[PDB]
Amino acid sequence: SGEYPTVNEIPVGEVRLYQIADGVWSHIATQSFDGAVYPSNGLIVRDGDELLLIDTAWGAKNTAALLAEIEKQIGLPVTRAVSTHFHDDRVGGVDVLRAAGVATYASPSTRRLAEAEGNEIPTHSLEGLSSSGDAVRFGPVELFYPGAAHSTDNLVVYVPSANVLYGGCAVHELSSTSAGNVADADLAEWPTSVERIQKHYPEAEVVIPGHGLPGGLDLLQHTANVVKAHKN
Ligand SMILES: C[C@@H](c1cccc2c(-c3ccc4c(c3)CC(=O)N4)c(C(=O)O)[nH]c12)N1C[C@]2(C[C@@H](CN)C2)OC1=O
Ligand SMILES: [Zn+2]
Ligand SMILES: [Zn+2]
């Protein structure tokens, strides 16, 4: 009823949207992994009379439910999607999107890692993002490669019209006591990558983590703190 929706409030298989700013929504879904249930976020950005999707809803059935919820709540077609790293909470559902006519994109680094790991593979490669600090425009957003953090390929997304920074899994929510799933992370480089984000997007007003509640710029420093302490 207006609060940001949380893990125990979303049954696995259902999707909720949350209005972040004019023409910007997050999407929230839940999934089970190794016997525990987790929420995860993505983004939706209005692109004229079309929509740009950032990240799947973590699984084929969740992503079908996402498309249905978008049609119910927004009613504009999703024409393109970008996956921000190669894990299943970002690409799981790409096959569903591709069969619904959505053009799917990711960096070549993400596409190679997804293919090698057996995850679903976005169709189109996003060049111009291979060096830390790189940025490219993609419809109504800017894509930025900050360096290795949660994964070596992780991208962040900025919506300049609304000063919304979608950090993906390289950014953690404020209540987080942990660095999350660090299986593919670079804990040594992560603070440096966060510092690059902070330097590049100093006017961000909303910061959205890959899992959990949005907040302000403090999420970035908090993320560096939690990662450094995890490493310690
Ligand atoms: C799918 C995602 C995934 C699956 C399940 C959980 C997560 C989490 C997470 C977020 C917050 C949080 C925790 C975990 C615990 C905690 O306490 N708070 C995150 C994230 O941090 O982005 N990603 C998760 N995979 C799986 C894996 C690939 C590798 C295969 N060998 C293992 O690596 C990930 O990232
Ligand atoms: Zn991940
Ligand atoms: Zn994640």
Side-chain angles (χ1 to χ4, degrees), residues 3-20 24-44 53-59 61-63 65-66 69 81-94 106 110 113-114 117 119 146 148-159 164-187 190-191 193-194 197 204 206-230:
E3 209 56 29
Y4 200 81
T6 65
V7 73
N8 290 292
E9 288 165 355
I10 303 171
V12 178
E14 298 186 10
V15 175
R16 290 293 178 266
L17 311 185
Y18 183 89
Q19 189 94 63
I20 296 287
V24 186
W25 302 256
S26 66
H27 64 82
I28 314 86
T30 56
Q31 188 55 265
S32 279
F33 178 89
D34 284 26
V37 175
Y38 303 90
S40 80
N41 296 322
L43 204 70
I44 303 157
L53 181 66
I54 311 296
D55 292 325
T56 68
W58 197 355
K61 289 175 81 168
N62 276 355
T63 300
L66 169 64
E69 193 67 19
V82 173
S83 294
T84 59
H85 70 275
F86 75 102
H87 290 161
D88 203 29
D89 62 320
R90 311 292 131 195
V91 300
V94 153
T110 296
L113 292 164
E117 215 67 346
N119 295 342
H150 167 80
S151 64
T152 54
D153 59 322
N154 52 202
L155 302 180
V156 309
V157 179
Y158 197 68
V159 189
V164 174
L165 177 61
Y166 175 83
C169 304
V171 176
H172 283 275
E173 73 175 320
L174 286 174
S175 67
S176 165
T177 61
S178 164
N181 198 326
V182 300
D184 296 320
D186 186 334
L187 312 160
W190 199 334
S193 300
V194 164
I197 301 170
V206 178
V207 179
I208 303 167
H211 307 264
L213 302 187
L217 271 164
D218 276 17
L219 274 68
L220 301 180
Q221 188 60 46
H222 179 66
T223 297
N225 290 345
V226 157
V227 162
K228 288 134 145 163
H230 181 290

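For this chain, numbers begin at 1 and follow the sequence in order. Side-chain atoms are counted along with the backbone in the values below, which use heavy atoms only and exclude waters and symmetry mates.
Closest approach of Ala114 to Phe86, counting heavy atoms only: N-CB, 3.6 Å. The shortest non-hydrogen separation linking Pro5 to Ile28 is CG-CD1, 3.8 Å. Considering every non-hydrogen atom in both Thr63 and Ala57, the closest pair reads OG1-N, 3.2 Å. Minimum heavy-atom separation, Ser83 to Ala106: O-CB, 3.8 Å. Closest non-hydrogen pair, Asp89 versus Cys169, comes out as OD2-SG, 3.6 Å. Taking each heavy atom of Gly42 and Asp55 in turn, the nearest pair found is CA-CB, 4.4 Å.
When atom types are taken as modelled, the side chain of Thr152 and the backbone of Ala148 share no donor-acceptor pair closer than 3.5 angstrom. Panel note: side chain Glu173, backbone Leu213; a donor-acceptor pair is recorded below 3.5 Å. Panel note: side chain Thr56, backbone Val94; no donor-acceptor pair is recorded below 3.5 Å. Checked by atom type and distance alone, the side chain of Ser176 pairs as donor or acceptor with a backbone atom of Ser178 at under 3.5 Å.
With values rounded to the nearest 0.5 angstrom, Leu43 atom CG is found 11.0 Å from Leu17 atom CG. Summarising the geometry, atom CD belonging to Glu69 is positioned 9.0 Å from atom CD belonging to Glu14; distances are rounded to the nearest 0.5 Å.
The side-chain contact (heavy atoms from CB on, under 4.5 Å) search around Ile20 returns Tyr18, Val24, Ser26, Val164, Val206, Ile208, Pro214, not counting sequence neighbours. With sequence neighbours excluded, the residues that form a side-chain contact (heavy atoms from CB on, under 4.5 Å) with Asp88 are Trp58.
Counted by atom type alone, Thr6 and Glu9 present one or more donor-acceptor pairs between their side chains at under 3.5 Å. Checking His85 against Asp184 by side-chain atom types alone, no donor-acceptor pair falls below 3.5 Å.
Environment of NZ in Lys228: crowded, with over 12 heavy atoms of neighbouring residues, nucleotides or ligands closer than 6.0 Å.
Within the structure, every pair that satisfies the side chain to side chain donor-acceptor pair (under 3.5 Å) test and touches residues 27-44, not counting sequence neighbours, is listed here: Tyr4-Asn41.
No side-chain heavy atom of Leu165 sits less than 4.5 Å from a side-chain heavy atom of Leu219. Counting only heavy atoms from C-beta outward, the side chains of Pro191 and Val227 approach each other to under 4.5 Å. Using a 4.5 Å heavy-atom threshold, the side chains of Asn154 and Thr84 count as separate. You'll find the side chain of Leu220 reaches within 4.5 Å of the side chain of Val171, heavy atoms only.
Classified by interplanar angle (parallel below 30°, tilted 30° to 60°, perpendicular above 60°), the ring pair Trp190/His172 is tilted.
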